[PDB]
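Below you will find one chain, with nothing else, as structure tokens; this is the form deposited without adenosine-5'-diphosphate, and questions on how it binds or moves follow later.
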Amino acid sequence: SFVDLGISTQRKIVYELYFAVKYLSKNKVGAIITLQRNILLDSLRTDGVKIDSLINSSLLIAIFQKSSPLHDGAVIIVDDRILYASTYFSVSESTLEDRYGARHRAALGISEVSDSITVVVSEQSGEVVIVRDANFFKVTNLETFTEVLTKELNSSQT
């Protein structure tokens, strides 16, 4: 559903996510941002706060600060809106409760049951990955981010 938006809207989403990721990665702030595409994620949602806001780098940075009520769980972006924050899913990979690898596992789970793209920033290393269909594209150079993410969002869907 990203592919159906005007080029201005797509470019906005990518740039805002870019600024957010630059901050989060540099300061080693964990985050899970999931862009839903054609498979609607609402069916698989366990918990989560619905905020239905415009997507914005500053709001994202606020959401994922350690002292924030919304920094655990996943943000779900639908078209150009942050629909949910602190979202969890009943996928069968995020059933471990071990902290290490938790967001990577949650992202993998989501990617296995939907065509969604999921950016993950690691609280430990600040490393950034783009998770899609059980693959982890590791973004070692953040100045490739906008390009990589764009390709991911325009790939073949379900």
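Only residues modelled in both forms are compared. Take the two forms, find the largest set of C-alpha atoms that superpose within 1.5 Å, and that set is the rigid core. Residue positions are given as counts along the sequence shown, with the first one as 1.
Beyond the structure shown, there is the form deposited with adenosine-5'-diphosphate bound, which is absent from this document and is the topic of what follows.
Taking adenosine-5'-diphosphate in the deposited bound form and overlaying it onto this form via the surrounding C-alphas, would you call the pocket open or blocked, using 3+ ligand atoms within 2.4 Å of backbone or C-beta atoms as the cut?
Pocket blocked on this form.
Where, among 55 to 63, 129 to 137, 100 to 108, 35 to 43, do residues come within 4.5 Å of adenosine-5'-diphosphate in the deposited bound form by heavy atom distance?
That would be 100 to 108.
Does adenosine-5'-diphosphate get within 4.5 angstroms of any non-hydrogen atom of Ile76 in the deposited bound form?
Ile76: no contact with adenosine-5'-diphosphate in the deposited bound form.
Test of understanding: in the deposited bound form, would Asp72 fall inside 4.5 Å of adenosine-5'-diphosphate by heavy atoms?
Result yes; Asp72 sits at the interface with adenosine-5'-diphosphate in the deposited bound form.
4.5 Å heavy atom contact, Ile51 to adenosine-5'-diphosphate in the deposited bound form:
Judged by the heavy-atom cut-off of 4.5 Å, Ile51 is well away from adenosine-5'-diphosphate in the deposited bound form.
Taking heavy atoms and a 4.5 Å cut-off, does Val91 contact adenosine-5'-diphosphate in the deposited bound form?
Answer yes; at least one heavy atom of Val91 falls within 4.5 Å of adenosine-5'-diphosphate in the deposited bound form.
Which one of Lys66, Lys26, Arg99, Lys50, by Cα shift of 2 Å or more between this form and the one not shown, core superposed
That would be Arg99.
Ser90 C-alpha moves between this form and the one not shown by 2 Å or more, core aligned
Superposed on the core, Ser90 moves its C-alpha 2 Å or more between this form and the one not shown.
Based on a C-alpha change of 3 angstroms or more, tell me if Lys66 and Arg99 lie closer or farther in the deposited bound form than in the shown form.
It is farther: the C-alpha separation of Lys66 and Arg99 rises by at least 3 Å in the deposited bound form.
Between the shown chain and the other structure, the Cα gap of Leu40 to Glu97 differs by 3 Å or more. Is it closer or farther in the deposited bound form?
Residues separate in the deposited bound form, at least 3 Å farther apart.
After superposing on the rigid core, which segments of 3 or more consecutive residues have every C-alpha shifted by 2 Å or more between this form and the one not shown?
The segment that shifts (3 or more residues, C-alpha shift of 2 Å or more) is 90 to 100 alone.
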